[PDB]
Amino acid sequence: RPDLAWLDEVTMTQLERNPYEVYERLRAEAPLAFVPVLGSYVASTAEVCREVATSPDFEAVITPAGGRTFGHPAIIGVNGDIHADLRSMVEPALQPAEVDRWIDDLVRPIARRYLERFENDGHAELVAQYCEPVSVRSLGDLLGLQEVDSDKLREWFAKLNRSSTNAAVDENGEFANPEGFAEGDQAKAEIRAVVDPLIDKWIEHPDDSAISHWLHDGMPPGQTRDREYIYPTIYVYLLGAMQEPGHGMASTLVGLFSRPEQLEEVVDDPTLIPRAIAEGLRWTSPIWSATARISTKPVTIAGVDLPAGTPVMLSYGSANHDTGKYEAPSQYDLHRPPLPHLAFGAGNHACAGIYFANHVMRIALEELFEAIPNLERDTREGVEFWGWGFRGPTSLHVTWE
């Protein structure tokens, strides 16, 4: 596409540090565009993302670096009968009525546990000390990984993050940085060493943990799903399910700090926390561009005639700054009207844990503002956001009296 020759000069590093400038151009110039360094078409607007995600002429496909990292059958990358089975496998503990039965007793004590370590220090780095630990500990306990230290869970999602977003390709469409997959392989090897003994145990002695239910639910008597069949979805969980609620909380905090009167309102009136989180998810989408669909027949989208078999990456983080939908989208605004957003995706492969994730983020922020209501950002330290596939702040230094 000749007028997009400037896309040839876009680098992976640039997209990781800040993708919003490139994607603002894409939204205006080519809502569906082939990005050479990513080796793929990408959808940048809300209209195109939603259309691709819900179209009957498209089905799920894993991103190339996602597939190299997760293998088969990752719930995000399969369709038909296998997807239906994996959806019914993960859905019971995520059902709203079920979450409402125990989410409070799960997350609130965990939030208190981590707050107690620093709430009187007067200084903290909330990503490492609060947002990520609460996120991984809550889901870890739900999964049956109580004995896996929160530092380990955080290290796993960081390595799987970097591996699955190791997307750069060279002039011949080959992965430019194949060594970047090695730490994804190392994380998987460690996960196998830890989780395989637990699966051995759950096969014979099922309990209340989610993974035990993944092995047993809906199976003939005495039978379990093969572990190779469920491991890629375990990996999917140990990346995005572990990582995203922590990044959603932190981005919401960074956005509130950017609007000090709005932060005061939320501390004064914690019933506004769910609305603050929804704006946070739109403002810096935790899953920014990590999933994709592939066309199953010839289709025309945003004026581009796509052949069958064409992958399209869904850059929901860009769709969420669509100026056809939002005014001044790069500005966090609690009082934006409650409009649809794509931070949870859309269609048959839309996020399965929305209700759970929203409560995890809500409860964590509630307990934070109660313990430290004079929270202030440490304006001596800058907040840098990182990631093209998954995006969030690398740290969040705060102070208080």
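Throughout, we count residues from 1 along the sequence that is shown.
Q) When the C-alpha temperature factors are averaged for each of 193 to 201 and 113 to 121, which stretch ends up with the higher value in the entry? A) The stretch with the larger mean CA B-factor is 113 to 121.
Q) So which stretch wins on mean C-alpha B-factor, 143 to 151 or 83 to 91? A) Looking at the recorded C-alpha B-factors, 143 to 151 comes out higher on average.
Q: Name the residue from 374, 40, 69, 44 with the greatest C-alpha temperature factor listed in the entry.
A: Within the set 374, 40, 69, 44, 374 shows the top C-alpha B-factor.
**Q.** Top Cα B factor in the deposited entry, candidates 158, 215, 238, 126
**A.** Reading the PDB entry, the winner on C-alpha B-factor is 126.
Q) Lowest, middle or highest third: where is residue 359 by C-alpha B factor in its chain? A) CA B-factor rank for residue 359: middle third.
Q: Sort the modelled residues of this chain by their C-alpha B factor and say whether residue 277 lands in the lowest, middle or highest third.
A: Residue 277: CA B-factor falls in the middle third of its chain.
Q. Which third of the chain does residue 17 land in by C-alpha B-factor: lowest, middle or highest?
A. It belongs to the middle third of the chain when residues are ordered by C-alpha B-factor.
Q | Entry-reported Cα temperature factor of residue 382, expressed as the chain third it lands in | A | Answer is highest: the recorded C-alpha B-factor places it there.
Q | Third assignment of residue 51 from its chain's C-alpha B-factors | A | Lowest third, going by the recorded CA B-factors of the chain.
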